[PDB]
Every structure is written in C-alpha cells, then in structure tokens.
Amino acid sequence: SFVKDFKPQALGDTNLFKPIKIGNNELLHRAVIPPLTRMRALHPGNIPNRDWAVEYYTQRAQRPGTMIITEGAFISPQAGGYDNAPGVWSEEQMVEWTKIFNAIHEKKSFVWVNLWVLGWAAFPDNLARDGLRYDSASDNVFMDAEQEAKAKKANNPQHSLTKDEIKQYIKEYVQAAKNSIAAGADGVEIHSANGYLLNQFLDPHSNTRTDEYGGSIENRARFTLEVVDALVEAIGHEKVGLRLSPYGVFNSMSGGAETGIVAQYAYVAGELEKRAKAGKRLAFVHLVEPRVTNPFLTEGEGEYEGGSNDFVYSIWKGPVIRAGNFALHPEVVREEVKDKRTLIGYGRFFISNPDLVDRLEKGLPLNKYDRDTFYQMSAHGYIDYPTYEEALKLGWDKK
C-alpha cells in the first residue's frame, strides 16, 4: 500500500544528503526524525515499552548518521499526564532507554531526548489519581471545553504555577537532561512548542500572569530561557536543542491570529544567538513549519499563507531543523535545503517508512501511514511497516 497520485523525486543530489555537524554528532544526511508520540510506554511507571521500543528505533536508525529525536519523555511525574508516554526520571525507565540508545548508536546513528512537560495538555483525572496538580501558566483560561470538564470532574482545577514550582520544574529538567546523557543520549531537545507548558508561557493567550513570567515578551519568554540556561550550564550547550512552533495553534495556542506572536519568537531566537556569542550556541533550533499548526489532523488541513519562519533565519545563525509535511513535497525540500544550515524533519512518514532516507535519495514509493495506529498499544503500525524490499515482495504495488 504505497501512496498514489504522488510522484517521487530523487533528492540524492541535494544537500539533504550532505554531511553536517550538530553538537558532537556528525550526521551523514539531513533528514531528521522529530519527536513522535506513539503511546506504547508501559503503565504503571511510564516505562519505555520493554518489547517494541528498541526494534522501532533500530528500524529507523538503519541509515547510518541519522539524527533521532526520540518521542516526548516526561521529566518527572508532575510533568507527565499520559499513562502510556515514557519518562526519564526513574531507574526503571533509564534501564530501558539505555537499551534503545545502544541499538541506535550501534547502527551508527544518533539520538536526542526530547524533554516533555504537558502543562494543561495533560489529562486532569490521571493527575488527580496519582495525586498530581493540573499545572499551567494561569487559572482563568483553559485549553478547551472537554478539558475544563475533566478538570472539574476530578476536582483538579487548573493551577497557576508559583515561582518555586517553576524552579522545581527547572530542577527536574537538569536531572532529566543529566540522566539522559548519563545513559548515552547524544543530547536533549527542550520541547517548548505545540502548546505544552513552556509554550503555554510563551503564548499571550495562555499567559495572563503579571509576574516576571508574564505581561510582556521578556517575561513570557523567561521560563523557556531559564531552562535553556539550566541545561546548557549542566550538560553543555553542544548537547542542548530547542523546539518552537511560532504559528502553531495546537493545544489552543495563539498562532498567527496574535499580531505580536512574531515578536514573541524573534525575541527568543535573538537571545539564543546572544548566548551564541558568549561561545554558548545551542546545538540547534527545531521549528515546526507554519504549514502545520495542528500536528493531529489530515495531511494538508491547517496552514498559514500570511506567516513563515524564514524570519528566524535573520536572527539565528546556528543549524535549523524545519518540520511539517515534507515527505510528499520534494520540490519544496529541494529548495529549502539549498540553505547550508537547514535540516528537514519528517514525522508522519518516518512512522510508515523505516527506510525513509533511502526512499528520498532514490525517488521511490512511500509507504502509506495508518492514522489509527499512531497512538495504540500495539506493534502493528509501530514496527511492522515494511522497508522498500519487504513492501515489494509483499506486492504492495498491487502489481
């Protein structure tokens, strides 16, 4: 079952296949695997699937020199909220993560742990059960209707983080980052996009605070930057990444509707480039394409014609990973990669194609992804996707 009506194009002759260096890693191509939640972690314990996780990542580390940003990992119990998402706070979890990283490194690929904190995107009932607060930037604005419904049902109102709680969250980022490197992770990517906690602070719609963590560009960017400054000093700026989704409106973020959103983000990028001067330039900056403001929806629905991230290029001088609907558009990838410091993140199709990189370099048919197994406790739709050879022998081309 390959994708029809799609005319592939060999990209082997573009820079997509030219070696670049990110942090301490020396990639052999520039097609990256962005953080993809698959929800196969175990419960209780948010334990990395002791059965399929290793095989899954291994299958996608097959192409040597692949930079793999793992699926979102909770830094601690409070930062979580989804029973089947993995974490990087306990020993039990670190024992399973170490096995995955060795599988990845063994295939001569790299791995970067994405540090995840759901904020208001977390299920409140799940938090009330473990005795956890329902965190967020404020208490008078909720994600949406179904959420303020669960918040009340479990009498777990949306709590507005105080100063000491952010510091506690910042203590956990350093520990999650440390444990990650301790086990052989090539680095860590601070997840500050798609409407999760940090993003909830960056966004003016979700951030109605008055203190130094709200009330202005400077203040709404305070949290994310303290985390940046925290992990940089603890593990080394060459082991830290940052993800942002300027025009994303996922998890009820402002997006391009807010006029000063571009200022909110140009500020952040400038501060990175600032530290980039003190000799402390984060390994990279990962951006979710405006083309994709909602990670969870059809392939084409939800974009912005009056907004682009090309502005970050005018401020940030380090590498840039751009992610969002690129597999079925090699014409756009061919052009976007003429920039010597731009990598490309493929999500949906790395899920369906374990040997994606080879299929880009040669212009071969892409495996269709099954939307129903994105988040499912199963191997089917997780690790049984065929490689180009396996798909052929199976007559996937419908002869």
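Start at 1 with the first residue shown and count on from there.
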query: Between 277-285 and 248-256 (mean CA B-factor, as deposited), the higher; finding: 277-285
query: Greater mean Cα temperature factor according to the PDB record, 174-182 or 121-129; finding: 121-129
query: Options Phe311, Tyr82, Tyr304, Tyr265 - largest CA temperature factor per the record; finding: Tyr304
query: Residue of maximum C-alpha B factor among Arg322, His191, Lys239, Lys150, per deposited coordinates; finding: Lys150
query: Third assignment of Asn353 from its chain's C-alpha B-factors; finding: lowest
query: Among modelled residues of the same chain, the CA temperature factor third for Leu27; finding: highest
query: Within-chain third of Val113 by Cα B-factor, per the entry; finding: lowest
query: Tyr196 CA temperature factor, ranked by third within the chain; finding: lowest
query: CA B-factor ranking of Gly187, expressed as a third of its chain; finding: lowest
